[PDB]
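Participant: an experimental structure, sequence included, is below.
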Amino acid sequence: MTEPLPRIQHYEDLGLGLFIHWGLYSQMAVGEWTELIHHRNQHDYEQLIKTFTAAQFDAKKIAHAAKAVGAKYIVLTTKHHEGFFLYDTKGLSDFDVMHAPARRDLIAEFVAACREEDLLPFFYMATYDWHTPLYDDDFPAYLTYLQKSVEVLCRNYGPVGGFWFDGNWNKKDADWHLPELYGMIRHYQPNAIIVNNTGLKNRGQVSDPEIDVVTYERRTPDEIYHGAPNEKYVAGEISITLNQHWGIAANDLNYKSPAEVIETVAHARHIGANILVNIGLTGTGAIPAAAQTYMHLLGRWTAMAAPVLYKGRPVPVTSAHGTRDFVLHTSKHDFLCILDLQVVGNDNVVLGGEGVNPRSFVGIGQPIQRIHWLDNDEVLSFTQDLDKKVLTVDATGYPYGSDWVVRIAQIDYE
Amino acid sequence: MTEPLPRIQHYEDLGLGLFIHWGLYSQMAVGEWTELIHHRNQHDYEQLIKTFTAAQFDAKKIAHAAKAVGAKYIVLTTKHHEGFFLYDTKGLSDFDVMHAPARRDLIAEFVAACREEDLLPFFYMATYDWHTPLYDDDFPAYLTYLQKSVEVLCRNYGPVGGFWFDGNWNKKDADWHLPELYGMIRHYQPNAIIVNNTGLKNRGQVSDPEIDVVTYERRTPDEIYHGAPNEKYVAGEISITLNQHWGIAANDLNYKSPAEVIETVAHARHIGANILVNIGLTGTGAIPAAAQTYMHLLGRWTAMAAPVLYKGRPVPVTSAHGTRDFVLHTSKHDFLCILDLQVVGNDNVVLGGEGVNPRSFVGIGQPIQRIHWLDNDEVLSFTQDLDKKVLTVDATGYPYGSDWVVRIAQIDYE
Amino acid sequence: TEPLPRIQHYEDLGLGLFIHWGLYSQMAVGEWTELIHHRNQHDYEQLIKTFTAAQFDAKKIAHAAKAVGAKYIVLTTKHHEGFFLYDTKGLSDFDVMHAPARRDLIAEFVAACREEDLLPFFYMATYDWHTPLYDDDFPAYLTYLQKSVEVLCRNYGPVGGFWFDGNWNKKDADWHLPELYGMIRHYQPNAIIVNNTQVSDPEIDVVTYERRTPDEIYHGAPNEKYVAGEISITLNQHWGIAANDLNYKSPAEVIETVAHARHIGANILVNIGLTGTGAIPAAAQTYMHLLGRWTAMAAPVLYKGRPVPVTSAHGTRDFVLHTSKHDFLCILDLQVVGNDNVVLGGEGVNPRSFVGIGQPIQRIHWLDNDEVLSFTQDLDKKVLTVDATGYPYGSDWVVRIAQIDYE
Amino acid sequence: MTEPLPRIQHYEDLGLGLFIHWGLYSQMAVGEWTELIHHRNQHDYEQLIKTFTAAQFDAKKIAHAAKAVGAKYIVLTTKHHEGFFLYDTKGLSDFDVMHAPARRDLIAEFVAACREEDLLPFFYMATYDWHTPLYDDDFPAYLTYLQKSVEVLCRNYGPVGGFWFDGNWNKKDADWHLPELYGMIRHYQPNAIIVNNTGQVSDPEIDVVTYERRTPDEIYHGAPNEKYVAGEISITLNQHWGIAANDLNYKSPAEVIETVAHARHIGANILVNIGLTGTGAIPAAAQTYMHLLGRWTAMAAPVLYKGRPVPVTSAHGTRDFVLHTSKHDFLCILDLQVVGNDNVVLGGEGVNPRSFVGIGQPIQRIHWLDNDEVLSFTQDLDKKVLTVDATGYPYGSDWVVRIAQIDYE
Ligand SMILES: C[C@@H]1O[C@@H](O)[C@@H](O)[C@H](O)[C@@H]1O
Ligand SMILES: C[C@@H]1O[C@@H](O)[C@@H](O)[C@H](O)[C@@H]1O
Ligand SMILES: C[C@@H]1O[C@@H](O)[C@@H](O)[C@H](O)[C@@H]1O
Ligand SMILES: C[C@@H]1O[C@@H](O)[C@@H](O)[C@H](O)[C@@H]1O
């Protein structure tokens, strides 16, 4: 029964973010966990620092691509489990980009590029670290090292959109000293969104009062947890990757369809969450061609969906038996999100979408002036039963040559 | 009881072809049927000839891309329903590429490029034509025009891999004079494969003795028809497009997953058919970026599957209850094609593929020396019951960093 | 093309009861036992000596048909095993007159049907395992088959129909159907002829279909004779009784299949296998009582209702049936209504739509309890949307039927 | 992770029980919740006591039917939400069978019948009660009334197999004084099984938790260092527990068999429910299900009682599973077809390899329980793989869940 604090309300309006995984692992192109899962010799793996040139990393291109896909923030891996830092740690560690041939603070380039495009920069930081022996040998000292690495991020790069922490699940029973860590963040970055990824086995959990967002990794839940009754509201976020891996994986051919990606983005909004779509950069920091294809396709959809994608919120309006349709609410309009439509041919050439296609909703109590598809402005016919709050629209199929996967009709009230 | 003629045997070894739709419709990017389905003014639509530059058509790059994806032939639209010819009709018509600014016989460039890459060139020819008034006003004269247009293709381009006719379904009861049309083809191109697409309502029918291949458009059948029992054997072919349209359609976002494309290719081989994977070129003749992504991903799979994709054939060996696995036979080996595998993590991090995974097959009666995955040469453990012809393998999951969608194990016999 | 009167009458029957009873019934391991279990023929045929029919009461069978809402009964007069349940008058010694029963069972059956206003139909297997003629002299077999049918055509008065089964065993043979059906037409001009095998002869009235045929059935060519259709269901996996077949379908599935038949424009036969001595088993009685509650409720539409070009909205299994005065919405996948405290699933407003109704509606009500439903129409697009309320607590009809009353 | 108490171990060996719903509601045949859900006038509904004759209740027939179906206990509704008691409450209430024309202690008849058949009598008791005003108007006094009603059951009927409490879910936040209620039960009936249908372990004295029918995974047996608790699932034949004449939505007999097998697989007991008629008879429809289930449980007798879940999984895409006794393993195999022949193809004809992972011991022989046919098999002992040719049913039979006994070397 609490409502979101302004910065959280601002976060929910972001809607869609791009997740970016890039580290030393990227050179191998066999997934970001390669060092542990393939049981590599650490010394040999860590030699990858010597060929980390970042020769194709262009933060401007990345920010441009995020803008074009309709993303409003980017979460970049500043340090993954491998423990290599993509920024200047100022003497905290020698395992950082300043000790690689790249010799560029990549996080500085990233934040400048985000600002030029009006995107919020978010920093992913692994809390489970494979590089520093402090992790197992002196946990209290490890917490200090982690906190210092975050402190550098809080003080050297201007205002930060958010932090995305990951790895506390590796030591479920430890005292991670979150009030000190989060408190430090609140001191230097009062407006930052704090996310703690509590991992696959503990979905929806709030690990500290300072947490703003709970995560659902890889897969969508049925409902988003918004925090205990009477406590601070926390937002939710789902994250998906295009194939089975987060870092680039050259021989992972198991990509989701573009259509499924569109349905997952719409679905997140339906259940009241943001969604992160992940891409893994190449070894040298380029967006791979495959990811570019997905971004172009999703980008066509998000441009069409712009009136509702950001401000639209769940509302107690359900769809009729046997359909996957749903409704989103802004302060001026309702929007019918309609799935499973077909292309329209003509009476001679039948594509599937030709016949009258009544789609009903329960929970709309106000007389409607008009309804129209966002993609082409066609006006739909509809009937209402105001007492039972029933709306029925004839959801016409796609014009030949197009197929939006999730089609959106805007409702204009009297 | 008949066996395939040599040319048809050669056809079945092709396995995979690339279908290419390119015409005036391409400039509009709203599907190849746009002229009819969107009720365009014919005069105005046909003005698209004036901006047909083919400025980005490079037959060499196209043939190279076909070779890299593992295709062994290409079917190119020489004339679609719109009735515009991509070749020099030598006085038959003014509605051809020689009267467009391109001024290049595109079919000549195509055939030369195919030959350099050892690909068979196939010519798609629409028999239902929206351009010539002969079609409705004087059908007998239309048949003469169609036959002459095919005759030009038969005499001016060297040996032709095949012809892919489409549109007889528009007049199911007409006499199309197939003996004369196919007799002419047999005269000039005795070795050509003749395919007649009998359309969605008439799957797998033989419209003349000269037909070599029956088609199944868009969708896969349960069984491939090989002709009436004592008659000429005919091969089968399934055709699929990446989204919902054959020509390019910019706002059709409803793409199939790469994984489904891989499964459909494997499936086609399982049931004893070739498969055509379709791309629509841009207005100026380029392979679009999205199609390139699919070709790169499918290309990794077909390179791995090369030992079996071409020579492999269906064999009476079935898989155990509840699996989608199947077997292909070459003269030296059997190959287990195994679906629904997961990635292998480790003891600590579980991804799904870790446990022993017994997959059984019924119909293998010969003792086996060894079994190994094509992708990494790992040796699989197995047991046999020779009397009941049971084989059981432990189908290990993918090494982290990879996912082949359909994984293939080669059997080596004693 | 218009159905002949007898075929129009047939389609109004709607539901029939199929009865399988033969020597196989004594073994209670399915009607194909002789062939599938590779039994010694001589030994199997000895079952004639214990065929007493001690518990066969044709009146109880006719009563069970009436209670289930069936309008005809198809009885196995001779199955593949080749034993005749009637007096063949010298054609064969392998008939009920040579068994201890010593009763013409078909005569008792026809009298019982008549008393209950039901049509008697005779199943006759054309694939026969008894007579050596079948393999050793096919032309003479056809004569024997025809004679056995002739006895049925001439000794019992007017018959409802004949249900032939087995031509599929020899798909390429000449069965001499014009002679066989011509003989039937001579003695029994009004009888329905069904062939369980596509139309194999002009005299066929009804073809059989697979119970899961999705689409409305084939009625023959535009200028040809109209042929009706029929689907069949058995309660478990076997037609004759099978004591250790526990794989019974749900009553709900049986109800759905009966409704589905009407939706695609077919009759439906529900099968029971009698015990060795001719009794209806207790399990079959349970199904009859449950289906019988449904068919009594559905009576306004079950007989006269016909398919009509009105489709249901996306993701629904709902369908419409038409009589001359009314349309009926047949609505599936409803839930029971509890309250605010006790949620059973059927509580919320439940809009179910249909496309193809162009006339203004006065009133719509459920057949089971007369509750009036609210609805809206778009007459131009022919859309109807009803609030299909869920079942009153304590009931669940599986297929619920709403009658439409027009203005 | 501790070992079950003797009484609980004995409970798990019961395997299958019959649930029986019978009360005043039965006379209306529109479900057991009719009084509340149909918003009936309380005074008028409660008049049903005057026609409660029990004229067709025969506890002996009920116990016989339970025995024949292979059930080892019966849970009878002694008082449902309607609040009418099927036993002599000895002055606690006038709304009991002694004030109805029946004038017979039905629970006494029930316990005697169970004993003659070697079945454990269990008493269902609704804790959510619609009759007494105490329930809403004076909850502390209600708890006393409930406890007294249970006390009568604990002192007047000899040793009681168990109690099956239902209704605490109506007031999830209330203090139900379970230490006192269960403490009283422990005093008079130390060996009784206590089940609380929570709609979680609500008190240390609970022996059995109830679970959903469709629970996929092996059940929760209590926190790691604490008392082991058993599990139980329930199924009814249609949508209602009391009789409901116009509820035609019956499950298939096949689904009932699969649910019984499934309960064993997850390590639970299962209750199959029947609702008696107004006058206390088993309806004909219920009899059909019991005859069918009975055929299956008689065949499954070697494993149904003593069989327990074990870490042996089935191959990809099958629903097969394994149960373990001290002498044998049993393969429970689903989705088989009938065997015809080459000419008449019924589906079960081909070799049908079904695999399991987790068996590490060499096997001597495997055979179907229904007909003793010996199955062929191969093993890979290092990877613990077993593959059997699971032959289809002989024509004329179909067991739904077929069971193969494994005999070890
Ligand atoms: C988003 C994912 O979440 C974590 O749990 C990591 O282990 C993965 O590598 C990835 O970063
Ligand atoms: C392969 C497809 O087949 C035909 O039927 C054409 O009408 C389509 O446009 C396309 O070329
Ligand atoms: C109705 C069924 O149909 C036939 O084909 C027979 O072979 C069956 O035994 C049964 O009579
Ligand atoms: C077994 C069922 O369990 C309870 O929750 C009751 O409310 C039902 O009526 C029935 O007794």
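Facilitator: Happy to help now that I have it. Numbering: from 1, shown residues only, chains lettered A, B, ... in the order given. Ligands and ions are numbered 1, 2, ... in the order given.
Participant: and the residue of the stretch 301-414 of chain A that's closest to chain C?
Facilitator: In the stretch 301-414 of chain A, the residue that lies nearest chain C is residue A:322 (2.3 Å; C-beta to the nearest C-beta). C-betas here are computed from N, CA, C, even on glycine.
Participant: in a strand, that residue, correct?
Facilitator: No: counting by DSSP: H, G, I helix; E, B strand; the rest coil, residue A:322 falls outside a strand, being coil.
Participant: how about residues contacting the strand or helix carrying residue A:299?
Facilitator: Secondary structure assignment for residue A:299, by DSSP states H and E: helix A:289-309. Identification of contacts with helix A:289-309 by C-beta atoms under 8 Å, 6 or more residues apart in numbering or on different chains yields A:15-16, A:65, A:68-70, A:242, A:255, A:258, A:261-262, A:265-266, A:269, A:277, A:279-280, A:287, A:328, A:330, A:333, A:335, A:337, A:374-375, A:404-406, A:408, A:410, B:250-251, B:253, B:255, B:289-290, B:292-293, B:296-297.
Participant: same question, stretch A:141-148
Facilitator: In contact with stretch A:141-148 (C-beta under 8 Å, 6+ apart) are residues A:92, A:125, A:127, A:129, A:132, A:134-135, A:176-177, A:180-181, A:184.
Participant: mind running it again at 6 Å?
Facilitator: A:92, A:134-135, A:177, A:181 (C-beta atoms under 6 Å, 6 or more residues apart in numbering or on different chains).
Participant: among these, name the buried ones.
Facilitator: A:134-135, A:181 (16 or more other C-beta atoms under 10 Å in any protein chain shown).
Participant: coming back round to it: which of the contacts of stretch A:141-148 fall in helices?
Facilitator: Those of those mapping onto helices are A:134-135, A:181, per DSSP state H.
Participant: in TSV: the residues you listed, plus distance to ligand 1.
Facilitator: Below are the ones in helices among the contacts of stretch A:141-148 laid out as TSV (distance: C-beta to the nearest ligand atom, whole Å):
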residue	distance to ligand 1
A:134	20
A:135	15
A:181	18
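Participant: between the buried ones among the contacts of stretch A:141-148, which sits nearest chain D?
Facilitator: residue A:135 (28.2 Å).
Participant: quick one: contacts for the closest one?
Facilitator: Contacts of residue A:135 by C-beta under 6 Å, 6+ apart are A:129, A:142.
Participant: from residue A:126, how far out is it?
Facilitator: 11 Å (C-beta to C-beta, to the nearest Å).
Participant: same check on residue A:368?
Facilitator: From residue A:368 to residue A:126 the distance is 50 Å (C-beta to C-beta).
Participant: which one of the two has more residues nearby?
Facilitator: residue A:126 (24 against 17; other C-beta atoms under 10 Å in any protein chain shown).
Participant: name all residues that make contact with the more buried one.
Facilitator: By C-beta under 6 Å, 6+ apart, the neighbours of residue A:126 are A:79-81, A:166-167.
Participant: coming back round to it: got JSON lines for the contacts of stretch A:141-148, with distance to residue B:220 too?
Facilitator: Below are those laid out as JSON lines (distance: C-beta to C-beta, whole Å):
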{"residue": "A:92", "distance to residue B:220": "58"}
{"residue": "A:134", "distance to residue B:220": "57"}
{"residue": "A:135", "distance to residue B:220": "52"}
{"residue": "A:177", "distance to residue B:220": "58"}
{"residue": "A:181", "distance to residue B:220": "55"}
